[PDB]
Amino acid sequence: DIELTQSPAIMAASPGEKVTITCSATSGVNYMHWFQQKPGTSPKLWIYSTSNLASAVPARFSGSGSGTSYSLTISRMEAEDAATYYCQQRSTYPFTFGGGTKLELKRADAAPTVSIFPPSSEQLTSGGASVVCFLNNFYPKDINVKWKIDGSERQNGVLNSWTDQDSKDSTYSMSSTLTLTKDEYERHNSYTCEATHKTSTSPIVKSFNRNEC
């Protein structure tokens, strides 16, 4: 029952930078295999039999080790190598995978393109109201969202979602939703989506005013 532990758990690297992931086993295995998994798709074979590259893998990649210590190495980090890597041992039954390492890619700063939306007339009819706010394509990751209704900040009723580094432009995106009762919604009047990113010491905001029309 060979348990494999991967480190680092998470990390970031600049282009051209050399990356190294390790995988230690509680017991000794004869080969360590590796897999590359980008979000939303099935894992791929990236390195087999410790040091053999899989179909189409770039030379900048390489693996090594033995006994209980193994590692995957990227000579010069490319933007496409961003993903989660999984080691695997098929040396003893049962086969096992490691905890995985989420390798992120770095890039130029990107201010979040923000957008806010009031509930739709459709939802209202249900007696529920949701204000949606998108903070799209920003880098870095770190982002803080705050909802202010008529000046007063609101916490209860907010739920957020964060996407994984975009595979097309390496940025990040976030969606924030403030769900209230149509009843509570119709009291207040101003709704603001306030976001603080390092791309501005000036808080980024977009808002709307509930207008009868």
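Position 1 is the first residue in the sequence shown; the rest follow in order.
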Comparing mean C-alpha B factor in the record for 53 to 61 and 182 to 190, the higher one is 182 to 190
Comparing mean C-alpha B factor in the record for 8 to 16 and 192 to 200, the higher one is 192 to 200
Based on the PDB entry, the highest CA temperature factor among the options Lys106, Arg76, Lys102, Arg90 is that of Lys106
Can you tell me which of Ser167, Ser175, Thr26, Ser69 has the maximum CA B-factor listed in the PDB entry? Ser167
Relative C-alpha B-factor of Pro119, binned into the chain's lowest, middle or highest third: middle
For the chain shown, is the CA B-factor of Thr125 in the lowest, middle or highest third of its modelled residues? highest
Comparing against every modelled residue in the chain, figure out the third that the C-alpha B-factor of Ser161 lands in (lowest, middle or highest). middle
On the chain's distribution of Cα B-factors, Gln155 falls within the third called highest
